[PDB]
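Undergrad: Can you keep this structure in mind? I'll have questions shortly.
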Amino acid sequence: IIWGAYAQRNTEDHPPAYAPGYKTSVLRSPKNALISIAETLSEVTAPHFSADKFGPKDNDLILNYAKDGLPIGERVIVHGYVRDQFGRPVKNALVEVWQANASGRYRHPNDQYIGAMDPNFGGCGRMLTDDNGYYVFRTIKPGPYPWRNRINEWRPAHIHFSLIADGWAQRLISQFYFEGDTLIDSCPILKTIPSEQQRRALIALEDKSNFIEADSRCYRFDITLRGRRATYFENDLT
Amino acid sequence: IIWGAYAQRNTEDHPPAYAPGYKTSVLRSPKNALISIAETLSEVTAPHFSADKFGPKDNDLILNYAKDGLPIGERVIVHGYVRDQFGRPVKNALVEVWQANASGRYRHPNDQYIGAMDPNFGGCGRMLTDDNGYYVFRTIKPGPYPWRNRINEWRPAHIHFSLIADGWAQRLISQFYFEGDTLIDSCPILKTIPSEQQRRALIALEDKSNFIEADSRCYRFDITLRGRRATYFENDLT
Amino acid sequence: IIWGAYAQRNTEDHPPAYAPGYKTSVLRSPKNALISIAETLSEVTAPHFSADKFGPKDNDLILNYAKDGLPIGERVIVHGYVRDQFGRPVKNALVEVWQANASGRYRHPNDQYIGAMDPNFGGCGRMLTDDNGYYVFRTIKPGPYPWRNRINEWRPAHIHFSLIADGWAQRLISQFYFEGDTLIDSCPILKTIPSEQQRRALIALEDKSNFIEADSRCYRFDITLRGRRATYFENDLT
Amino acid sequence: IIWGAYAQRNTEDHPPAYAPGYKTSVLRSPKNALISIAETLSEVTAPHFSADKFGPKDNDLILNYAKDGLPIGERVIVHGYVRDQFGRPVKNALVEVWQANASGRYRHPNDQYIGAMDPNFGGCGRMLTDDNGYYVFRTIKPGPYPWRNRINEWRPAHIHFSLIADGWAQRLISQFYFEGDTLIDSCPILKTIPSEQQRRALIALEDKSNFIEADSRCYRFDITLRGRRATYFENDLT
Amino acid sequence: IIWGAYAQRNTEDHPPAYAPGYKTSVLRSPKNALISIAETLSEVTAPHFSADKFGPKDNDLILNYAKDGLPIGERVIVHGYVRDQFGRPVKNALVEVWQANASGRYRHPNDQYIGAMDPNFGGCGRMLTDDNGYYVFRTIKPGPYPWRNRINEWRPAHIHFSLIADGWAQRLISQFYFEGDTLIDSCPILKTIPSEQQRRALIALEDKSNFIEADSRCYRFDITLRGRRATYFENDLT
Amino acid sequence: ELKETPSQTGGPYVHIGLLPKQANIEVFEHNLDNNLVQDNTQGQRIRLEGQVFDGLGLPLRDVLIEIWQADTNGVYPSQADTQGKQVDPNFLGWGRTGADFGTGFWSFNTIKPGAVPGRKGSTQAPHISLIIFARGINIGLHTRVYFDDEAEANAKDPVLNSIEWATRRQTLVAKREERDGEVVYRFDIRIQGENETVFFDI
Amino acid sequence: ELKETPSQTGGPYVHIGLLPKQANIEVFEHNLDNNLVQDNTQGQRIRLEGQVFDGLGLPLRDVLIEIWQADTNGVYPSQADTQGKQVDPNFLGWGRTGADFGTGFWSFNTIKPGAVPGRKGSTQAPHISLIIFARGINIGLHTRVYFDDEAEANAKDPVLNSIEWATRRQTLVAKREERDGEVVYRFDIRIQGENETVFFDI
Amino acid sequence: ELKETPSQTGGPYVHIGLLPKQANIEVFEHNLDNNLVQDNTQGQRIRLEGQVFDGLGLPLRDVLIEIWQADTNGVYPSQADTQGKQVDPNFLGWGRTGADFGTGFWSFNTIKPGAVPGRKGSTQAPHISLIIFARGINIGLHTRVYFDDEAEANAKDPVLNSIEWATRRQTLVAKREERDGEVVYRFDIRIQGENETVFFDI
Amino acid sequence: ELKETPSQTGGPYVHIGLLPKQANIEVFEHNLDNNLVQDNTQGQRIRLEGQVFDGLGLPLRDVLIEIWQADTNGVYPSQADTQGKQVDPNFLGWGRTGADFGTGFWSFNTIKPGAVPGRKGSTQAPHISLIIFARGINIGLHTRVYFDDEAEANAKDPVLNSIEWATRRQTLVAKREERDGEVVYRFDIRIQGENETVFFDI
Ligand SMILES: [Fe+3]
Ligand SMILES: [Fe+3]
Ligand SMILES: [Fe+3]
Ligand SMILES: [Fe+3]
């Protein structure tokens, strides 16, 4: 199989750059349209991260920063599969996450929210998907938190995630939420996404059969990246 | 107005004593039917609790036990009204609550759940409703937690509440949950309640307009107790 | 009761500043997002207008400017209640109105519309709501009128109204229309409002039982202003 | 992959122990609730049965007991797949079946039903699923038969089946029926199962494309056993 | 796995031999019923075509006959999978196609249609499916064309295809159409097929994500051939 | 008309959340307990104690018990009391307690209640209303405690006589005992099985 | 809970219907104006004036302006003021005006406001709340006017510091000028474009 | 995710269809039985026998019983066993039997199992997993058989201690007896009523 | 076919969660940074630095930047590179960084990339692919950095020539400077307004 270029990103399945509902976007969105280009090796290539560099607890946010004891909060496991738009599993892709603690507080002097800090929680993790595009990490369920869009704006609970896979064109950063969270319906950031079906694509589903008794709950969340088309005739990529 | 007896408790709006789905009930439920009695002063009377005894932080679970700092978790305010079945407000009724911390852990050596303990959280509060039957307390949103009914049983997040009002016949203890919590649909305890409408009567609703910016979220939850009928003819209560 | 701040204005229930359909808004709308601020005494306070200053006919647009005779047009009474978003009546709020005459002509040399002027009609009135937030004024039903948005643009019949209540944050100016007016469906100004339910919130309803025989018809129109939340814990307003 | 424990058996997808509709269960059902335990090696292990022990006709109920000629009745082939609740095929699991003959008569002096005995039919078979969890046996379609629950009770046609797979926790015995059999709707035993969807899970479907011309009809029937969860963090099984 | 015979062809999923709507069939359809036979090696066997014989451009109808330049018309890629009725991929099956050019004109002195001939288009191609039953060829989208059934009869655009796979019983010739073509609804030939679902089974679907930018559009079209049943008991094929 | 809020079990921690002090959770300065006797309270002091057994005969160690009673003159310290008589000003009439995590015994230090008026000019024998809360109990179980030394009054008691199974009436009568100088009434509650205690729907 | 009545533009005649007197419509005996200074009002009198420009740089001649401010001691003549301090009895704190149909200038005769308490024990620099209504403006635009001679206080002002773009803070600071003996603060409002005035959602 | 195939009773002929040989149905050359002891099997041979009684105290004569156990060293002849220890090569660990149509007694000839690792580094007392199938039993009933001569180990057994009703733990302990030279463990199963055997949901 | 997971802003903490080390969160032993130069890396070292400005001309101090480039010979350290040439074994080609919370400058220590093959036998001028993430940016913004000392090559570059507004092509060309002995390429990114940097949809 000789691979061609990645399928075109469907701009309609993504939030526009200018979304007045999300205020900060008003001054950080280009006024000019994005210039689409035909892909070259620069776009279809991406870096490789060796597993040797990853620590044993990089994907365990419950323990990778616990000092005296355990972080306070809901013990949850999150797993899922990373596939490309054509169903192919994405192997050895770097998945990085960051989140707030159970109070909705981020570990940084910038975050002045009254929600309490947890001395045993960092809020950062990372992993490499396996040969089946499978990923799994453990953490504390992040709490929602206020922010100033409109003075009383509140982000539903969420975990920020980033992916670097096989092609630079696949580079993606997003946020996933937890099923049932009522703040999901009122979030200006989540509402920057045009379709209802795409909004729901960011909701991790409770995976009850995979709860670990007397220990942790589990959420299932799958991620889909852009995929490459195969070439059977002219190969103009080069 | 000369008050008569409390209206009959509608057994169909309550869980039966025997509910095999909730295992512990199998041996702690009478096999004989409850004997209904006509009410006397013993049933229509109840104790009075003076406000003088209540401390300034009895209804603030965020601060009534904070030692070094604040408890870890989601800052939430819960308020609502207590009325009798005929819409009349219940004045000066003692409302007592108890709950787990953000990890789903209760402050007691009995609870051996791995969920972490919070040194700054007690989990107990109490208040007296005002002349409008209104009540309000602040706390940390309790986290769900495992228990052994079936090894992998999990209680949705909840706050236990108790009420002592005007009549002993109104004595009631129950639990309320939070809107959107997916564990609500699978709970054997909540499912001991026959009707779907009564199950929903125990769900606190997100009250977004009453969220306090950059501080706390709010839930609205109303409680209904049995009411007394007025007597306009014979008064056989005595 | 110690009052806190006014609930956040729900920007989605109001027209955006930029509405290209209403041409004049293109150059009179900020390009920057509104900066939301936490409220202070400056925002929760407002002026008081003593009833002593109001004349006996200030709320009677049929007679407050009649010189030789009565104004030509449909005799209508308009009343309703002003409440805050939580149902509380707004007491002693200044309600000011202004409108065109029966021809759709405003009393000013600027208005050059061929619709005839009425020497006995002014088109201005004002009142203070009572302790129940109730208000009532009498006038002539204003006629629709052309304007230049698109050369053949026509405003449905309307009465402009303004309110100064308890808090500066409640300051509001708007327009209400009359039930059944077909121009309502085509108005670019009314269509600046996003939801259909909010558009209908500006339509005065025919109140047939309150028509005064052989005299005047009546319309019912209620107004809702932002409301204050009560504070039961920290009071950071000051 | 390090395997953990089997997912919890969902008691709601199975008949309760006490089912008064099925009379014999009244005295053979514990009055105490089942005690759920966390799994150990005892529960996740199970015996292995070597294929060497199985005879060439163990899965052919038409010939494994034919003496003088062939058994009387409908020649049918039954096949399907055995998977765990997560879709994984169950390999080399012992599947044992037993049934009545075409008259609804079981080969045993206990069965005194007037339905005629077949000298060339035994009614017992067994097999091991392959690497794909696939199984296939041939037999005579069993006839329905009367039994005494209520004097005129009749079991729809059925084949009893048993499975011993990878874990003792998967041990399961049940009965499957044939699509279209009208007795299915009136069976007290089948009705011990709570949900309609689970009842239908026991109905073998006519597999017309797999009928063997001028020979035998075919039914498709899949079986689902409990599955094990994988462990990626603490492995407390040991 | 010991293979048995091919499943019976379902005559109801195919057009009958006699279809008066398609005139030419009136004299070229047997009046006697087809005699069904039990299969032998003659029916389950078929020829093998080595890939060595196929030229590099046999599956590229755009270039396999271009002399001076490129053929005129819509550049389209057509791909899909060939499976048997049980989902198994058909490997190394000979797929041959033939079609008209962009004018609806076939390259042959017989075709006297005024639609213009294309000196750089042949209209013939062939390929062998891979191990996944996948096939792919490139061509010019054929134009519809008139024919005499009823003087004004028009065939929707189509590509004729033929398949020789593993068994002679699978021999099949048909035609596929392009999604959206309005002539599809009026074609007497396509309407010889009884069911609407089978008619739609001959429509190639626009595969937008597989369009090649600034080059060619793509259509997805899957083909299903009859499948063989496996034998686990008597093998009378021989 | 609204429906009553549905009951739910107090859960495994009800005897902890409603008696924080005794669980070493010092959040309240003034804590509610099982001592209804104040220095100026009138009437003869008595100790009410017993155990609650499940269907196996095992004492529950996670039960929460509350009692409601009238003062020494049969008057309830409640605004709902319409007897027109003054109530003992130093009596709450209510108390709450749990069982010892080990022994399983629960108890209250109170006063023996005076007779209270029944319906239609009748007179009720002295009694104490008691309610049981605990894990596995979906709705608080109501019952009454009568005293065996009040045989004459119990015989004419309306509620006791409303129980048609005369044999079950005795499950509501506590036994008087005297440990040195203190009067103790033993009252064991059996939720299920033989001699199952009578429970009321009040 | 109810939703707020939706806003609508004041329209081309808002500065006429809300200031009838100045449009030669004498319907009211007592008319509201842009003069907040009464003979006994305390504080130093000042004149607040400026213009409102659209996205083209053209002054709006159909704008209606209102201001809300505290007295000379930073107390609002409002029952909602919880400072426990007495307010200037001769000060309404509110005023309304339009722009001259020709020049386009608007103005108010008022007093310079005293500092008002901010949230959490903070102190706000002296300011005047101002709102803009007009044709093409769907919702009244809120803004604040601070004074340039109060540099020290403005630097510590909570609202001004909540504006992360320090460069826009200056659009809220009026400039002091002295015409003979009168103190004038020039404050121009730019609705769109460069140096667009900051607008608040209060 | 799929749901587990719903259980159904084995029916009145389960002990016949799963033990054809003993019902005079010679279809299989190699038949499964209740003898887990092979000539080279290690460990001390023991006989496990008892009866199964219904709610009336009557022995079931149509019950089918199977047991699962580890070898003499506490290792299961299963690929799922992760102890890294070798298992007795001459031990199936599983057996099946029915009750005598007359007496009602069932039995197995096996070896006494060695201790097996419990969860979290714990150690389970020697036990045999047993399951009951029969007419009237909708789902196979799981239970365990412990040995009375292992008092010390049973006391520390995790599963036995997970049973909060200490009085029911004994229903899982079989009694050792010695008929001449053979060691026999009597284990009676009571499905309903007094001394009802503990059943697990594994 | 599935749809791509919808993008969302990295949020106000993206430059903290993806660079924990620099936010004093020591969770990882091996941390990713903005240094693509290893001791054995080939090519001439260069420093790439600049700032990102919003629509007001203010530098973003919460932006996260990543770059992707080929080695000194124009070969990508990626399995997707089909040039058949060997890549510098000591070069990751990728780097990540944030801006200084004060100054607002971001930078990378890397090598100047060699020319990479373009589509249809063409040749691309040396470039570095760069992506911008930050609060207010809903989808990572893609752009390229070309070098001004490569005028000859940039003129024939396919991507640069695909931009029909020749005047915008220059926003993608960084300027070479030499601080003492080090070669520095200044590249400022303007998200909105005049001289708005060209952004690609790749
Ligand atoms: Fe609880
Ligand atoms: Fe108007
Ligand atoms: Fe049967
Ligand atoms: Fe966040």
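Identifiers in the structure tokens: chain A, B, ... in order shown; residue index from 1 per chain; ligand index from 1 in order shown.
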List all protein, DNA and RNA residues that have any atom at most 10 Å from ligand 4, counting only C-alpha atoms and all ligand atoms, and write the list as number ranges by chain.

TA: A: 98-100, 104-106, 142-145, 147, 155-160, 175; I: 9-14, 17, 135

Undergrad: Need the shell around residue 6 of chain G: protein/DNA/RNA residues with any atom at most 7 Å away, counting only C-alpha atoms. Skip same-chain ones fewer than 2 positions apart. Format as a PyMOL selection string?

TA: (chain C and resi 13-14+198) or (chain G and resi 4+8)

Undergrad: Would you put the residues from that selection into a file with N, CA and C atoms, as a tab-separated table (two decimals), in the first residue's frame?

TA:
chain	number	residue	atom	x	y	z
C	13	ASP	N	-30.65	35.50	25.49
C	13	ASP	CA	-32.05	35.91	25.48
C	13	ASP	C	-32.19	37.33	24.97
C	14	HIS	N	-31.10	37.87	24.42
C	14	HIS	CA	-31.10	39.23	23.91
C	14	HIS	C	-30.47	39.30	22.53
C	198	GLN	N	-38.52	34.51	23.03
C	198	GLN	CA	-38.20	35.85	23.51
C	198	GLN	C	-38.89	36.90	22.66
G	4	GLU	N	-35.47	37.42	31.30
G	4	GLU	CA	-35.51	38.88	31.21
G	4	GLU	C	-36.20	39.30	29.91
G	8	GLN	N	-34.36	45.96	22.98
G	8	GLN	CA	-34.60	46.39	21.61
G	8	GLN	C	-33.98	47.78	21.55

Undergrad: What's around segment 97-110 of chain H at 6 Å? Count only C-alpha atoms, leave out sequence neighbours fewer than 5 positions away in its own chain, and write the answer as an NGL selection string.

TA: :H and (15 or 34-37 or 45-51 or 59 or 61 or 63-65)

Undergrad: Store the residues picked out above in a file with N, CA and C atoms, as an mmCIF file, in the first residue's frame.

TA:
data_model
loop_
_atom_site.group_PDB
_atom_site.id
_atom_site.type_symbol
_atom_site.label_atom_id
_atom_site.label_comp_id
_atom_site.auth_asym_id
_atom_site.auth_seq_id
_atom_site.Cartn_x
_atom_site.Cartn_y
_atom_site.Cartn_z
ATOM 1 N N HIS H 15 -29.650 -34.427 35.880
ATOM 2 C CA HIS H 15 -28.759 -35.434 36.448
ATOM 3 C C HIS H 15 -28.722 -36.686 35.580
ATOM 4 N N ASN H 34 -17.620 -38.680 39.267
ATOM 5 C CA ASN H 34 -17.298 -38.078 40.556
ATOM 6 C C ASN H 34 -15.997 -38.584 41.169
ATOM 7 N N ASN H 35 -15.113 -39.131 40.343
ATOM 8 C CA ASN H 35 -13.840 -39.640 40.839
ATOM 9 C C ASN H 35 -12.682 -38.790 40.311
ATOM 10 N N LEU H 36 -12.177 -37.888 41.150
ATOM 11 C CA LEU H 36 -11.070 -37.012 40.773
ATOM 12 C C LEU H 36 -9.706 -37.617 41.115
ATOM 13 N N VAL H 37 -9.708 -38.802 41.714
ATOM 14 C CA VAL H 37 -8.461 -39.453 42.093
ATOM 15 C C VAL H 37 -7.974 -40.470 41.072
ATOM 16 N N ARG H 45 -6.223 -38.920 50.009
ATOM 17 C CA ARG H 45 -7.551 -39.145 49.489
ATOM 18 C C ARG H 45 -8.591 -38.904 50.574
ATOM 19 N N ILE H 46 -9.737 -38.370 50.161
ATOM 20 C CA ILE H 46 -10.849 -38.114 51.066
ATOM 21 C C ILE H 46 -12.139 -38.333 50.302
ATOM 22 N N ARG H 47 -13.208 -38.576 51.043
ATOM 23 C CA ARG H 47 -14.508 -38.789 50.438
ATOM 24 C C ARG H 47 -15.392 -37.636 50.889
ATOM 25 N N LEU H 48 -15.992 -36.943 49.931
ATOM 26 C CA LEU H 48 -16.871 -35.829 50.252
ATOM 27 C C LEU H 48 -18.288 -36.285 49.947
ATOM 28 N N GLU H 49 -19.141 -36.293 50.961
ATOM 29 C CA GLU H 49 -20.512 -36.721 50.761
ATOM 30 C C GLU H 49 -21.487 -35.941 51.613
ATOM 31 N N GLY H 50 -22.753 -35.996 51.215
ATOM 32 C CA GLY H 50 -23.797 -35.303 51.936
ATOM 33 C C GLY H 50 -25.117 -35.429 51.210
ATOM 34 N N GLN H 51 -26.038 -34.530 51.540
ATOM 35 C CA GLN H 51 -27.361 -34.501 50.932
ATOM 36 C C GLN H 51 -27.773 -33.053 50.740
ATOM 37 N N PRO H 59 -34.627 -34.564 51.202
ATOM 38 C CA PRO H 59 -33.470 -34.646 50.308
ATOM 39 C C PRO H 59 -33.880 -34.672 48.836
ATOM 40 N N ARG H 61 -33.551 -35.810 45.133
ATOM 41 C CA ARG H 61 -32.988 -36.986 44.487
ATOM 42 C C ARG H 61 -32.753 -36.723 43.012
ATOM 43 N N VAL H 63 -30.835 -33.840 42.006
ATOM 44 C CA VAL H 63 -29.846 -32.779 41.962
ATOM 45 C C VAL H 63 -28.573 -33.218 41.237
ATOM 46 N N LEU H 64 -27.914 -32.273 40.571
ATOM 47 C CA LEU H 64 -26.658 -32.538 39.871
ATOM 48 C C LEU H 64 -25.613 -31.679 40.562
ATOM 49 N N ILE H 65 -24.524 -32.296 40.997
ATOM 50 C CA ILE H 65 -23.490 -31.559 41.706
ATOM 51 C C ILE H 65 -22.146 -31.625 41.011
#

Undergrad: With 12 Å as the limit and counting only C-alpha atoms, what residues in chain A lie close to chain H? Please list them as a ChimeraX atom specification.

TA: /A:207-210

Undergrad: For those residues, write C-alpha atoms to a file as a PDB file, in the first residue's frame.

TA:
ATOM      1  CA  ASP A 207     -18.480   2.072  31.188  1.00  0.00           C
ATOM      2  CA  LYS A 208     -20.136   0.302  34.133  1.00  0.00           C
ATOM      3  CA  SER A 209     -19.008  -3.249  33.300  1.00  0.00           C
ATOM      4  CA  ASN A 210     -15.429  -2.031  33.505  1.00  0.00           C
TER       5      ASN A 210
END

Undergrad: Determine, counting only C-alpha atoms, which protein, DNA and RNA residues have an atom within 9 Å of an atom of residue 172 of chain E; residues of the same chain fewer than 3 positions away are not included. Present the result as number ranges by chain.

TA: E: 161-164, 169, 225

Undergrad: Could you name the residues that touch segment 80-87 of chain G at 8 Å or less, counting only C-alpha atoms, but leaving out those on the same chain fewer than 5 positions away, as JSON, numbers by chain?

TA: {"C": [41, 44, 45, 46, 166, 167], "G": [71, 73, 75]}

Undergrad: Just N, CA and C atoms for this one: save the residues we selected as a PDB file, in the first residue's frame.

TA:
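Output saved as again_22.pdb:
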ATOM      1  N   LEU C  41     -21.471  48.162  44.465  1.00  0.00           N
ATOM      2  CA  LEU C  41     -22.598  49.014  44.818  1.00  0.00           C
ATOM      3  C   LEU C  41     -23.025  49.881  43.641  1.00  0.00           C
ATOM      4  N   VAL C  44     -25.586  47.722  41.704  1.00  0.00           N
ATOM      5  CA  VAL C  44     -26.805  47.303  42.388  1.00  0.00           C
ATOM      6  C   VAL C  44     -27.677  48.440  42.904  1.00  0.00           C
ATOM      7  N   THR C  45     -27.216  49.676  42.731  1.00  0.00           N
ATOM      8  CA  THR C  45     -27.968  50.844  43.173  1.00  0.00           C
ATOM      9  C   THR C  45     -28.604  51.561  41.984  1.00  0.00           C
ATOM     10  N   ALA C  46     -29.597  52.393  42.258  1.00  0.00           N
ATOM     11  CA  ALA C  46     -30.268  53.134  41.203  1.00  0.00           C
ATOM     12  C   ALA C  46     -31.022  54.288  41.832  1.00  0.00           C
ATOM     13  N   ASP C 166     -34.656  49.118  40.680  1.00  0.00           N
ATOM     14  CA  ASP C 166     -33.836  49.130  41.879  1.00  0.00           C
ATOM     15  C   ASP C 166     -32.335  49.097  41.665  1.00  0.00           C
ATOM     16  N   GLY C 167     -31.908  48.517  40.554  1.00  0.00           N
ATOM     17  CA  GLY C 167     -30.489  48.434  40.277  1.00  0.00           C
ATOM     18  C   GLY C 167     -30.159  48.912  38.881  1.00  0.00           C
TER      19      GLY C 167
ATOM     20  N   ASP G  71     -22.615  60.425  45.624  1.00  0.00           N
ATOM     21  CA  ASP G  71     -22.433  61.824  45.992  1.00  0.00           C
ATOM     22  C   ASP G  71     -20.964  62.132  46.233  1.00  0.00           C
ATOM     23  N   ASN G  73     -19.291  62.045  48.837  1.00  0.00           N
ATOM     24  CA  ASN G  73     -18.642  61.152  49.796  1.00  0.00           C
ATOM     25  C   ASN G  73     -18.655  59.695  49.365  1.00  0.00           C
ATOM     26  N   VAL G  75     -21.325  57.929  48.334  1.00  0.00           N
ATOM     27  CA  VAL G  75     -22.518  57.232  48.783  1.00  0.00           C
ATOM     28  C   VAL G  75     -23.611  57.447  47.753  1.00  0.00           C
TER      29      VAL G  75
END

Undergrad: Quick one: which residues from chain A are at most 10 Å off chain C, using only C-alpha atoms, as a compact mmCIF listing (two decimals) with C-alpha atoms, in the first residue's frame?

TA:
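Dumped to out.txt:
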# COMPACT_ATOMS: atom_id res chain seq x y z
CA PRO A 20 -18.27 35.66 19.68
CA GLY A 21 -19.96 33.51 22.33
CA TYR A 22 -16.48 32.60 23.53
CA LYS A 23 -15.09 36.10 24.09
CA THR A 24 -11.35 35.44 24.04
CA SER A 25 -11.75 34.18 20.47
CA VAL A 26 -12.79 37.63 19.24
CA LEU A 27 -9.19 38.90 19.24
CA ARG A 148 -14.80 34.81 33.24
CA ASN A 149 -16.53 34.84 29.87
CA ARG A 150 -19.73 36.22 31.40
CA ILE A 151 -19.08 36.62 35.16
CA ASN A 152 -21.02 33.49 36.09
CA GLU A 153 -19.61 31.17 33.42

Undergrad: When you get a sec, could you note down which chain G residues fall within 12 Å of chain I, using only C-alpha atoms, as a PyMOL selection string?

TA: chain G and resi 164-168+193-196
